[PDB]
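FYI, in the authors' numbering the residues of the sequence shown are 2 to 316.
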Amino acid sequence: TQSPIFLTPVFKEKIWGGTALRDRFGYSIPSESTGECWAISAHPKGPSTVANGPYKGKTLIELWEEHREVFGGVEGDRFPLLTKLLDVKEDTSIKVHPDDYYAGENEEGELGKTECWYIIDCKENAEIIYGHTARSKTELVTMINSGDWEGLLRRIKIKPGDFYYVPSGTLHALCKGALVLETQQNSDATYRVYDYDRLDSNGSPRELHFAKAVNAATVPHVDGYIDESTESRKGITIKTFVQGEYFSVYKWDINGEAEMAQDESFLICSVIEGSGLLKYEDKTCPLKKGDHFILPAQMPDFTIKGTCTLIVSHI
Ligand SMILES: [Zn+2]
Numbered sequence: 002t003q004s005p006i007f008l009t010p011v012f013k014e015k016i017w018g019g020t021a022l023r024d025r026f027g028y029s030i031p032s033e034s035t036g037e038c039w040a041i042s043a044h045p046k047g048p049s050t051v052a053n054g055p056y057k058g059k060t061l062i063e064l065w066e067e068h069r070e071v072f073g074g075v076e077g078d079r080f081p082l083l084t085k086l087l088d089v090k091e092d093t094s095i096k097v098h099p100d101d102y103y104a105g106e107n108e109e110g111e112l113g114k115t116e117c118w119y120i121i122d123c124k125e126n127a128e129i130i131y132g133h134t135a136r137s138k139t140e141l142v143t144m145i146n147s148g149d150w151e152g153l154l155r156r157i158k159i160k161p162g163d164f165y166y167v168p169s170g171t172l173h174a175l176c177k178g179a180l181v182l183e184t185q186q187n188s189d190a191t192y193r194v195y196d197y198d199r200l201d202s203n204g205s206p207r208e209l210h211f212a213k214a215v216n217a218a219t220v221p222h223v224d225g226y227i228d229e230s231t232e233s234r235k236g237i238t239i240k241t242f243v244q245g246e247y248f249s250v251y252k253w254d255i256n257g258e259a260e261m262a263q264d265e266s267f268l269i270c271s272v273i274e275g276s277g278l279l280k281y282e283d284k285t286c287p288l289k290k291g292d293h294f295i296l297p298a299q300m301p302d303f304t305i306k307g308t309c310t311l312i313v314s315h316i
């Protein structure tokens with residue numbers, strides 16, 4: 002296809018969620034404790050539906066299975082990624098995501114969940130939990146059992162604009178006061194080790210997966226290294242956050258009119274700030290904060306005019 006494919010958001014309630022998705026993006030949310038917006042999703046538990054054009058109403062799964070041409074004919078049983086907006090009002094659980102092998106073996110073919118975080122906004126003293134100090138799996142087990150979160154967990158102070166890559170196997174948790182654009186593999190495989198003994202809307206504690214978390218966790222933890230790059234042309238500054246095995250993620254900072262080309266299999270796009278006008282051939286497409294869309298394989302060269310910021314990804 003040759004035109005933008007907009008996606009209608011799906012929402013998920015979370016004990017750590019809030020109303021920021023409605024307050025900052027104008028979204029109609031399910032509850033006053035909404036933690037996640039599954040923005041570009043083909044996950045069975047909450048797939049995005051096409052919001053416009055000839056495919057309006059179809060799910061991203063139906064597009065992947067029946068119209069792979071849209072995605073440049075790339076291989077794979079399922080659309081590979083999942084993009085979310087996260088309203089981390091309170092702390093999320095301490096957890097680890099398995100890799101493709103472990104997930105497939107223990108979660109019935111589910112993909113692993115390597116992911117990354119772009120911090121859109123956050124409070125002044127915001128942090129994240131990333132990595133740990135255990136030198137062996139027996140030590141990790143011991144320190145988790147004595148709830149020595151202070152000696153075990155490693156914390157990183159964050160600020161708006163930060164980017165963190167989270168390889169599967171990484172013990173982590175986003176903490177209270179953060180608004181995040183999370184790009185991850187198409188998976189919902191999560192092993193929690195601690196959830197602060199909280200109760201959900203139904204008065205029941207959330208599930209923990211101690212054994213699986215320890216099995217999936219990388220020990221010892223070693224901080225990986227990613228090199229960012231930035232380049233600018235007329236009307237746009239592009240920051241390249243990562244070009245990894247599972248995805249490449251970028252930030253487009255537009256001011257004025259930028260000339261673009263879609264030279265990948267497809268581009269996943271989220272407008273996180275401002276508004277603008279996308280023009281291609283004789284067509285016009287208004288863009289605004291909160292829009293999520295895919296630019297197909299055959300998308301014609303286009304321009305975006307305005308003051309807006311998008312986070313974009315591709316495989
Ligand atoms: Zn996570």
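Yeah, the Cβ is synthetic: ideal placement off N, Cα and C, and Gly gets one too.
Say yes only if the C-beta of residue 96 is nearer than 7 Å to one or more non-hydrogen atoms of ligand 1, and no if none qualify. Working through the sequence shown from its first residue, we reach residue 96 at position 95. Yes; taking the cut-off as 7 Å, the Cβ of residue 96 has a heavy atom of ligand 1 nearer than that.
Less than 8 Å between the beta carbons of residue 127 and residue 179, yes or no? Residue numbering aside, residue 127 sits at position 126 when the sequence shown is read from its first letter. Residue numbering aside, residue 179 sits at position 178 when the sequence shown is read from its first letter. Against a cut-off of 8 Å, the Cβ pair of residue 179 and residue 127 comes out as a contact.
In whole angstroms, give me the CA-to-CA distance for residue 280 and residue 305. If you number the sequence shown from 1, residue 280 lands on position 279. If you number the sequence shown from 1, residue 305 lands on position 304. Their backbone Cα atoms lie some 6 Å apart in a straight line.
With three or more beta-carbon pairs closer than 8 Å as the criterion, would you say the segment 208–223 touches the segment 184–193? Segments in contact, yes.
According to DSSP, residues forming a beta bridge with residue 98: Taking the first residue of the sequence shown as 1, we reach residue 98 at position 97. DSSP lists no partner for residue 98.
heavy atom of ligand 1 below 7 Å from residue 37 C-beta: Translated into the one-based positions of the sequence shown, residue 37 becomes position 36. Residue 37 Cβ: outside cutoff for every heavy atom of ligand 1.
Buried or exposed, going by whether 16 or more other CB atoms sit within 10 Å of the CB of residue 264? Position 263 of the sequence shown holds residue 264. Exposed, since its Cβ has fewer than 16 Cβ neighbours within 10 Å.
Suppose the cutoff is 7 Å on Cβ atoms and the five residues either side in sequence are ignored; what does the same chain contact list for residue 240 look like? Stepping through the sequence shown from its first residue, residue 240 is reached at position 239. Once the five neighbours on either side are set aside, the close Cβ partners of residue 240 are 229, 231, 251, 252.
Strand pairing of residue 183, partner residues [DSSP]: Within the sequence shown, residue 183 is the residue found at index 182, counting from 1. According to the DSSP secondary-structure assignment, residue 183 is paired through a beta bridge with 85, 118.
Residues near residue 369 by beta carbon distance below 6 Å, same chain, minus five either side: A query on residue 369 cannot be resolved here, the shown segment of the chain reaching from 2 to 316 and no further.
Closer than 7 Å: is that where the CB of residue 125 sits relative to any heavy atom of ligand 1? Reading the sequence shown from its first residue, position 124 is the one you call residue 125. At a threshold of 7 Å, residue 125 does not count as near ligand 1, since its beta carbon sits no closer than that to any of the ligand's heavy atoms.
Smallest Cα separation from residue 276: which of 293, 262, 283, 269? Here residue 276 corresponds to residue number 275 of the sequence shown, with the count starting at 1. For residue 276, the nearest C-alpha among the options comes from 293.
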